[PDB]
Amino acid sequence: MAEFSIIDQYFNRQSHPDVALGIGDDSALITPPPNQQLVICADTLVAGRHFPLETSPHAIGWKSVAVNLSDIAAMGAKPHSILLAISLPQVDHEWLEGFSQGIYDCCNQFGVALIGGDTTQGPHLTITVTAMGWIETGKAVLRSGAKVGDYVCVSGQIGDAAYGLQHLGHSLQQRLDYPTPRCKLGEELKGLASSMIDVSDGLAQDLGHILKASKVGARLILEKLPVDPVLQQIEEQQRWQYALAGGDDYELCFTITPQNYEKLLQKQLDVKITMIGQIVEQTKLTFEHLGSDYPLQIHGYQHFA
């Protein structure tokens, strides 16, 4: 069982209809759907840094795909295919069975094909997935575009995964191990959201990228943050730290005019949406709690920080 048999045994299932050439050649081939731009991203997962060392192989495979689909969704785009680059310290059939099952379970959930990649030996388990999607030309939702008066919104709940990481064994570890990329919501926000980012590093810092790109600020209402009932019972200063600086949420944070927010609520969405503040002219991120200014020092996840 060497490199090429590993690819054949675990990573070479047939794709959905729309792949001109999948695994088996030097590159993969995709015939573009008409009137669409290619949307492309890549994110790396390092064992022990992006997931606890004892994470199940299935959850490693799932999250390796999910975090990349999240960046496709963050543009308003529809995901199509992925490449899988994996560096393995050892060949372990049971690990490979579960990891590949996790890859395919995530791909199949969101209609994505695995069309290529690379397999290497390395001293440390490292995974880089490239995701490819398509969007109607010119309709991508950028990190720029937020305007004064726009609502700030976030999907789902924030802080779950960060609580789960420090409370391994708690049910909220499911949000650490199995984030849900908000694929359909991202598509439903095309033409409604004025800006958008996915929350991989922490709501405050990721919103900050929108604020900097859009040259605006924001005031967030801390008691509106959508946190789990478990986090509603912990002291508020640490509740805010999980919610705003925890990261690993893979929810969508977006801005939207009040008028377009009304339109969005009229849709049938597969995740909840919460308005948590609004965009303002002054170029600072500030916080308010129960009607008063709430000074808060927050730092999201950043490598080498």
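Numbers for residues come from their place in the sequence shown, where the first is 1.
- Stretches 39-47 and 270-278 differ in mean CA B factor, with 270-278 having the higher one.
- Mean CA temperature factor is higher for 184-192 when stretches 152-160 and 184-192 are set side by side in the entry.
- As recorded in the entry, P123 carries the highest CA temperature factor of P179, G202, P123, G208.
- Considering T55, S64, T255, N260 together, the PDB entry gives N260 the largest C-alpha B factor.
- Ranked by C-alpha B-factor against the other modelled residues of its chain, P32 falls in the middle third.
- Placement of the Cα temperature factor of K212 within the chain: highest third of the modelled residues, per the deposited record.
- For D92, the recorded CA temperature factor ranks within the highest third of the chain's modelled residues.
- Per-chain ranking of the deposited C-alpha B factor places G138 in the highest third.
- In this PDB entry, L265 carries a Cα temperature factor that places it within the highest third of its chain's modelled residues.
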